[PDB]
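Take a look at this single chain in structure tokens; it is the form solved without this ligand.
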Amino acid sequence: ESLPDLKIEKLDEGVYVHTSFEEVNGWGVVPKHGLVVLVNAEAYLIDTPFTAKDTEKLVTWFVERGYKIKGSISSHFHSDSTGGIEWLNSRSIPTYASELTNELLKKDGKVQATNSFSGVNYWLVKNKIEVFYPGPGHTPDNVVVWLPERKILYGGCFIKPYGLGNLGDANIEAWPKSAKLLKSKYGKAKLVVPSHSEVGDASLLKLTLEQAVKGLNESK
């Protein structure tokens, strides 16, 4: 009853940052940055908020401003990213996730996205919104979303610059490699939006890569 409200603060041109909040872990109120991303009048969720409620808030806000929600993408299985897939499905707004993410959802008892991509990249919107799979990291399934009609990267929960955070589902042997490949093909990054931090730049790749290796020897 004192969960801070959803925030929808424009980050660039046809590119919003929705910030939502929840507890569980024992970190207290954890904030979750996701992007809304406009294509003409088509809105796109770049993850969901934690809850159905704040998804409907997010949708109505855009719906009410004369954009028509064309799809959801979730960047990994955690509700960080998937929290709103139930709602979207019950409104039969199309939801997207990788085969890996959908398999992890199934395992977790969590309604799956109604669409599956696979492979290294999905062009959710040709030329405009790209999904890229660096490999296992934060989770085994984590993917990121590239904005070519700008130079924005949604790292999601993968980018963890201050320390890797939740490790429960994490693949820490693999992460430093996955990170490396992200920093490589995703140089030329203006903005790099993490899940759980302030928005930065292409260093957050370096910073992540660094945090990644550190755990790799701090637990062997």
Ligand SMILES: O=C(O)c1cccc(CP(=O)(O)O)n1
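One-based numbering along the sequence shown.
There is also a form deposited with this ligand bound; it is not shown, and the following applies to it.
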item: Placed ligand check: this ligand in the bound PDB entry, overlay by site C-alphas, backbone/C-beta within 2.4 Å; value: open
item: Segment assignment from 182-190, 61-69, 36-44, 164-172: heavy atom within 4.5 Å of this ligand in the bound PDB entry; value: 164-172
item: Interface membership of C157, this ligand in the bound PDB entry, 4.5 Å heavy atom rule; value: yes
item: Contact of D141 with this ligand in the bound PDB entry (heavy atom, 4.5 Å); value: no
item: Interface membership of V30, this ligand in the bound PDB entry, 4.5 Å heavy atom rule; value: yes
